[PDB]
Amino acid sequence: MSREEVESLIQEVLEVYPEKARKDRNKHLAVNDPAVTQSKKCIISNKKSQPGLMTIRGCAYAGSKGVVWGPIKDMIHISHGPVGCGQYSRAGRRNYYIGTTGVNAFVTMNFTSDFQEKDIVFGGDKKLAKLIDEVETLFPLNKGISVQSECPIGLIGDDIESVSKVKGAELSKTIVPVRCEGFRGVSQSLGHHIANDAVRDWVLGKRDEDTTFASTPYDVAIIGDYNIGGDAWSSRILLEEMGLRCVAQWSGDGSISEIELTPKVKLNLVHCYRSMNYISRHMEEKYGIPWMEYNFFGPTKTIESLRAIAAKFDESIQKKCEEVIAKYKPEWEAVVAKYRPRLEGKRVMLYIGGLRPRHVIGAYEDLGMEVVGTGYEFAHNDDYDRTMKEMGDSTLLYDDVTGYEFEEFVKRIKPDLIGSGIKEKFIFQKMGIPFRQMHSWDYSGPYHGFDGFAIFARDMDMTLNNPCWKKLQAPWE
């Protein structure tokens, strides 16, 4: 579509809104223009959602418990508040780990204080302190406890910081209070930030005097890869065939000890800029550790990343970088050869969280596909800055898109593929439009790295070219 066509599509769709909602949403919808590279001249982001419009957004608790803390595999995370939050988010996110669950690892378990109205009235601080002793009795090999606050906690005046310090001292245990109540902020994003501050304040500085770890010139950490379907492992393998030593993973398959050793590394490698640029900035200012963004989606971005990372080190790493790139060359080539013809020229619309809506574009282009629309739930203007660079001229950009809008946009633009979430999936299947889940990877993946590109390609093909899509129209109407 042309710019002008996209712009009247926007105006047309917004005609249904009450005046106040219309004026607001108008600022969150834009057509990409190569001449403009300042997103702040182009689209508004990180604002509250307008009421009643069926935003796709979650909350700060989801951003903190579900995203950052939850994956840490050898700590127990307490969902502190009523039963829902901890239950709806039990094992919903595929942050993969190696461990013996219920014994030394606890990721897919749901620990909760299961607030009752008595706890609303008298407060929950005694219950929490009792909860911790019980956790200690029943799960002895836990290496730390986090307290993920749900909505009521701040609202009733509870002091989890005090309980965490007292119980922490008494049991010689790392107990981390997290103020990620769902009313905080406007989205998952503030939950990331709160979560980062919590790691910093309660965990990260524990080994500041400790010096028994043996460092090497090639020590790195993977920052903001949560190992969705194994994404971090299929990334890690590449960094170590390149001769680097991956000291930590934040936080997919991550242990509290890895996290504590992170200030010892030479370089932080940030995949998810949105969720952990905060701690990366901290680690830069306090330990002198530089950080860089990278992208392991598709062979093009993966080769670029590997080379940029290798350039931070000596010739021996740069040489091994070329060795890795030569090793995997025939594998991803086989993938392109097989699947690019089956996908080329197909048009994709994306709607995801705070990173993948721009980060997977190169992978789609490596298969000859075109991303004609993209958007985020909770990104900031620095994300949209980066996005306008990756996205095509005249493409549609939507921030905190509403259900109605996403539906109307799709109906007009008619992409060949939509990539979004579980709340979106079953809608567009009904419309007869191929859909891939781009959070959970539709229970497939990894999609990171070379091994992941083979699966990504397989997955876009099996769904875009499936015989089911021919069938939606009955022959007799």
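Note that residue numbering begins at 1 and tracks the sequence as displayed.
- According to the PDB record, 318 to 326 carries the higher mean C-alpha B-factor of the two stretches 77 to 85 and 318 to 326.
- Of the two stretches examined, 15 to 23 and 457 to 465, the record assigns the greater average C-alpha temperature factor to 15 to 23.
- The entry lists C-alpha B-factors for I223, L141, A91, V335, and the highest of these is at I223.
- Of the candidates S172, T100, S149, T374, the PDB record gives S172 the highest C-alpha temperature factor.
- Among the modelled residues of its chain, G354 has a C-alpha B-factor that falls in the middle third according to the deposited record.
- Among the modelled residues of the chain, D253 sits in the lowest third by CA temperature factor in this PDB entry.
- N295: CA B factor in the lowest third of modelled residues in this chain (values from the PDB entry).
- In the PDB entry, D451 places in the middle third of its chain by CA B-factor.
- When all modelled residues of the chain are sorted by CA temperature factor, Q429 is found within the lowest third.
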